[PDB]
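So the sequence lines, in the order shown, correspond to chains B and A. Each residue of the first sequence is one higher than the one before, starting from 532 at the first, in PDB author numbering. Using PDB author numbering, the letters of the second sequence map in sequence onto residues 203 to 458, 472 to 740. Contents: one structure, followed by commentary.
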Amino acid sequence: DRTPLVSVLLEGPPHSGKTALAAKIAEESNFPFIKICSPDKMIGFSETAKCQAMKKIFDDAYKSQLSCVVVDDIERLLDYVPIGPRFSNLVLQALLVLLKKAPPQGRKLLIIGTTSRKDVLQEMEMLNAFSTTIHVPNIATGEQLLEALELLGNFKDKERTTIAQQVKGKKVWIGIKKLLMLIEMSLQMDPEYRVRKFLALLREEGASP
Amino acid sequence: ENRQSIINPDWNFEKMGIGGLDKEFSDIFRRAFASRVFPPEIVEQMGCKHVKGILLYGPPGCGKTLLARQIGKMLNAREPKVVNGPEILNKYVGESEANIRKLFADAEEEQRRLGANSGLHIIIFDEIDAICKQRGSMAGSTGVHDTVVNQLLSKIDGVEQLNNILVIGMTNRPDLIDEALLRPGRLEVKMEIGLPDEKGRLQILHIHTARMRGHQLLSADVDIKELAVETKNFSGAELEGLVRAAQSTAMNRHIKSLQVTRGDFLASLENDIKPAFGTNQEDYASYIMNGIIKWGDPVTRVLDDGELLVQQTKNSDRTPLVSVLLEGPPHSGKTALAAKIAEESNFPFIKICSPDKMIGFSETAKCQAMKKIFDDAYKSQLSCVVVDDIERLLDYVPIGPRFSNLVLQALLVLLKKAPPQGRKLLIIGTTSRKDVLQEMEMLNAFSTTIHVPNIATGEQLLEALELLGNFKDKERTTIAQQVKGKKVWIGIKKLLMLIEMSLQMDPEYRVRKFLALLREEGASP
Ligand SMILES: Nc1ncnc2c1ncn2[C@@H]1O[C@H](COP(=O)(O)OP(=O)(O)OP(=O)(O)O)[C@@H](O)[C@H]1O
Ligand SMILES: Nc1ncnc2c1ncn2[C@@H]1O[C@H](COP(=O)(O)OP(=O)(O)O)[C@@H](O)[C@H]1O
């Protein structure tokens, strides 16, 4: 009763699987009003149109005893580009004002945000408007890689042994989505060179933090 | 008197003249008009109103109006009132509403004169999404067409009830229409009319060749299975046009047994009909000119990689969207290799997007054009879209730097949007400045990169000269001895220019000029 409005930020390295987890968290809450505000439905719009669209969704969220609105890929909403820098200010101000406006008496809300560049957000005075943050990590240890491979269930046993032998004595820095992509890319060779090319691709992609 | 005779005395479905839709009609019949044929006693006892309109959306040319007229002619209704969207608007105050208010007059009159025993009236709209758009709310920012929508909403479902009307809307942009115009009270049933598959084309050809078959004017070699398999993404209009062109070409041939034959259909298909959701040879003929000769291994490597990527995007389901980037030094012939990789794919739908057709456009128009190409690409089951120059779209220029930001965001959002369920796509890019693209953090959107190298040895140059075939053996020996040192670094679009600039010199002051030009060009990595 002393906190009708909450917020949270999910951030981490790219290709790490952030939007899926936000969608799952929203799905498994049993609230009666769940909505997603993504930036691929606003291709070609101007600043004012984006403001009006976000405002309309939030306005609709104020007529229900419970709600959950997801706002993903903030940096695309702002139109950030490292050169300059250059972005949109009006959308930023609207977003910074909508994050601490309470609903009418007796109603509740919950906002989840997603991003991949936390420092730039910190510069613009935006980590002060959120209530907490969570961290989504990349795959770190080779045993996790083997577990993910087995759960996906793609490579056979002896191939698993070779991969484990050559990938269990070092470090690994790979995202899950990129892992799916690499597996599918490697599966197109003849049945003899599959493991060799998978190892080559993993070695090439393997980059220091 | 029981009004169970709304159904016309005799009706078959397939005889109507429509072929290719069999679940759309089934669902429409079940959900909409199952209460216009049941005996009036039960309908009256249960006390239920009737559906008051429907919406139809899909591509342009797939037979929407035909279905509306057939629906109307089913229910013994009166003559439909066909209207057009942009033909209602007017410049004076109080004219558009007057036009919109003159369609519901006869229904109201006949409701007055005979209450509850009147006949169905039908109204057919067209491009409905040109008059009705979402209404604004901010004070002082209300739109300019906020009275037409009000005057239509207040009439479809108002304070005085009309129970003898049915409204059908047709549009191609289902996402621009208002939200208060689609609640279960008005225009509640929505249907999609999509491109036909093999069975659809087979039935559409049977229907349109029934007349010729009956009149004994078809030869005994023309078979419809192969003509159905040949046409890939044809709509209905382009099938009827094909049949008509075939008959006309046969008649013209007769002028010099007037029975059409395989050859007539094949010629008409090849040279008369061009689909709008299919491949076109004009682009390949215009971009790949002077052919693709081989002068080394790199060409083979590039083509092999392209083939592998095509196979992956075809035969996988975990990743229904792929991308790739071809980058190399300027003048190295990148667009031709891209258009070649696309032409060997054997995909139903191929299209090229280049800035040659957007001279003088403001950035918003460029966004619209790119978006329209992708929107069309999302309607097929396989596709391949090429983006020609990823630096002339942004308007990059080293001073500043200066460029456009709207187009860049549109492009960065369109490289990660997957197509509707169960469809596939492939994107090929091309650029000469990898580093600048890397600075804007767009070089990690593309899945993979490929390199297009340059001439780097004497024997490669000699083999290119041999393939082009312009000099004699003694001249070849002279050039080989003069440029034996392997310090050659030239493009493959510039070598043709150097050759052609020298050939028009003089009988034997040619090779001297060619060598001088080759030396002056320089060689750096
Ligand atoms: N093996 C080859 N590879 C590429 N192009 C070739 C080859 N053989 C012949 N050509 C011809 O070379 C020309 C290459 O011109 P193209 O416009 O592709 O160059 P580009 O580098 O893309 O252009 P720009 O220099 O403006 O960036 C075409 O006319 C093509 O037919
Ligand atoms: N399912 C179909 N079966 C047979 N012919 C069709 C079909 N769909 C369209 N056509 C042809 O298309 C023409 C009408 O197209 P039209 O209804 O004007 O398309 P749209 O409604 O998209 O404007 C007719 O001449 C008809 O022969």
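Backbone N, C-alpha and C define an ideal beta-carbon position, used for all residues, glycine too.
Minimum C-alpha distance to residue i - residue among the options
i, options, result
"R233/A", "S717/A, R403/A, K392/A and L718/A", "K392/A"
"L484/A", "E440/A, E281/A, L710/A and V514/A", "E440/A"
"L676/A", "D650/A, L730/A, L629/A and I665/A", "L730/A"
"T349/A", "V295/A, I367/A and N365/A", "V295/A"
"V431/A", "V667/A, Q405/A and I409/A", "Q405/A"
"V475/A", "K427/A, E656/A and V445/A", "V445/A"
"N365/A", "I290/A, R533/A, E312/A and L518/A", "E312/A"
"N561/B", "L641/B, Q636/B and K594/B", "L641/B"
"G575/B", "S598/B, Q596/B and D610/B", "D610/B"
"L536/B", "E559/B, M573/B and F589/B", "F589/B"
"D591/A", "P211/A, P261/A, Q247/A and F480/A", "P261/A"
"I707/A", "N685/A, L680/A and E442/A", "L680/A"
"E674/A", "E400/A, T433/A, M372/A and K509/A", "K509/A"
"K594/A", "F436/A, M218/A, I230/A and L419/A", "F436/A"
"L629/B", "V703/B, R533/B and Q583/B", "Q583/B"
"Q247/A", "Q653/A, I367/A, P398/A and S237/A", "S237/A"
"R415/A", "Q449/A, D399/A, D212/A and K434/A", "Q449/A"
"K566/A", "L627/A, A491/A, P544/A and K632/A", "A491/A"
"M372/A", "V601/A, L268/A, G338/A and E329/A", "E329/A"
"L608/A", "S598/A, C599/A, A625/A and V600/A", "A625/A"
"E299/A", "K335/A, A318/A, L277/A and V351/A", "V351/A"
"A318/A", "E203/A, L682/A and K581/A", "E203/A"
"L711/A", "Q696/A, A482/A and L732/A", "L732/A"
"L368/A", "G737/A, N505/A, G402/A and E390/A", "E390/A"
"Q353/A", "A341/A, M340/A and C334/A", "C334/A"
"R477/A", "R734/A, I457/A and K427/A", "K427/A"
"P282/A", "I290/A, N292/A, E289/A and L268/A", "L268/A"
"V601/A", "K581/A, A633/A, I556/A and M573/A", "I556/A"
"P386/A", "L277/A, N292/A and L257/A", "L257/A"
8 Å Cβ cutoff met for residue i and residue j
i, j, result
"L322/A", "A270/A", "no"
"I488/A", "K266/A", "no"
"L355/A", "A382/A", "yes"
"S662/B", "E542/B", "no"
"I209/A", "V239/A", "yes"
"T451/A", "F564/A", "no"
"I326/A", "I370/A", "yes"
"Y259/A", "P376/A", "yes"
"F480/A", "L524/A", "no"
"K251/A", "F306/A", "no"
"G274/A", "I324/A", "yes"
"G438/A", "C264/A", "yes"
"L419/A", "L473/A", "yes"
"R315/A", "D359/A", "no"
Sheet register partners of residue i (DSSP bridge)
i, result
"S421/A", "Beta-bridge pairing links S421/A to no other residue."
"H666/A", "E542/A"
"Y724/B", "Bridge partners of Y724/B: none, in fact."
"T646/A", "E542/A"
"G371/A", "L257/A"
"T672/B", "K702/B"
"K392/A", "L257/A"
"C599/B", "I565/B"
"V475/A", "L420/A"
8 Å contact criterion, which residue i and residue j should meet: CB distance rounded
i, j, result
"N669/B", "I705/B", "6 Å"
"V726/A", "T693/A", "6 Å"
"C568/A", "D520/A", "No, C568/A and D520/A are not in contact; Cβ-Cβ is about 22 Å, not under 8 Å."
"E715/B", "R533/A", "6 Å"
"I614/B", "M655/A", "6 Å"
"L552/B", "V622/B", "That belief does not hold up - the Cβ atoms of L552/B and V622/B are roughly 25 Å apart, past 8 Å."
"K709/B", "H546/B", "5 Å"
"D380/A", "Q336/A", "6 Å"
"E578/A", "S619/A", "5 Å"
"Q526/A", "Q719/B", "6 Å"
"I409/A", "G221/A", "5 Å"
_In chain order, what are the residue ranges of uninterrupted alpha helix (DSSP H) at least 4 long that sit wholly in the segment 207-247 of chain A?_
225-233
_Which complete beta strand (DSSP E) runs does the segment 323-367 of chain A hold, if anything under 3 residues is left out?_
Counting only unbroken stretches of 3 or more residues, the beta strand (DSSP E) elements lying wholly within the segment 323-367 of chain A are 323-326, in sequence order.
*Can you list the alpha helix (DSSP H) stretches of 4 or more residues lying completely in the segment 243-322 of chain A, in chain order?*
266-276, 298-302 and 307-315
_Segments assigned beta strand (DSSP E), at least 3 residues, entirely inside the segment 677-729 of chain A_ = none
*Can you list, in chain order, the stretches of the alpha helix (DSSP H) that have 4 or more residues and sit fully within the segment 487-571 of chain A?*
496-502, 512-529 and 550-558
*Length at least 3, wholly inside the segment 606-650 of chain B: the beta strand (DSSP E) runs in chain order*: 640-646
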